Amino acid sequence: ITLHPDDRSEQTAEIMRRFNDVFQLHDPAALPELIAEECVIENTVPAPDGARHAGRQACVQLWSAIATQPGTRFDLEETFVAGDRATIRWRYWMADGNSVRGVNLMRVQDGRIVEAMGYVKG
C-alpha cells in the first residue's frame, strides 16, 4: 500500500488490506463488516456505463461470487491511498487462462466502503 499522508489515510489502507485479502484468500467472511448499508459498485462491464449494484447485500453477493469463483484469481499491482480514497490496480486471471488488467476506484465514509468503481483494458 502506497500512502499519501492524510488524516484517515492509514484507516483507508487498513480497509483496503482487509478488502484485498478477501480476494487473495478467496474468503468473503470480512465483506459485510467492510461495506456500508448504501454501498454502490459500478462494475467493469458492460460498456457504456458498467452495471450498478446497490446496497450492502448486492455488493456482498457480487464480491463473494468473484472471490470464490474456481480457477480465478487477482494479482495486485498497486494500492494507492489518500484520505478516504484509494485506487487498486490489478490483473484478473480467468478460468480459461486469459487475464485482463484493471483498476478499482474506492471511497470510504464512516470507516466503510461506500463506492467502488471498476474499469479494465478494453
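Just count from 1 along the sequence shown to find any residue number.
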{"property": "Of 47 to 55 and 91 to 99, the stretch whose C-alpha atoms average the higher B-factor in the entry", "result": "91 to 99"}
{"property": "Given 5 to 13 and 108 to 116, the range whose Cα B-factors average higher in the PDB entry", "result": "5 to 13"}
{"property": "Ranked against its chain, the third holding the CA B-factor of residue 78", "result": "highest"}
{"property": "CA B-factor ranking of residue 41, expressed as a third of its chain", "result": "lowest"}
{"property": "Within-chain third of residue 29 by Cα B-factor, per the entry", "result": "highest"}
{"property": "Within-chain third of residue 66 by Cα B-factor, per the entry", "result": "highest"}
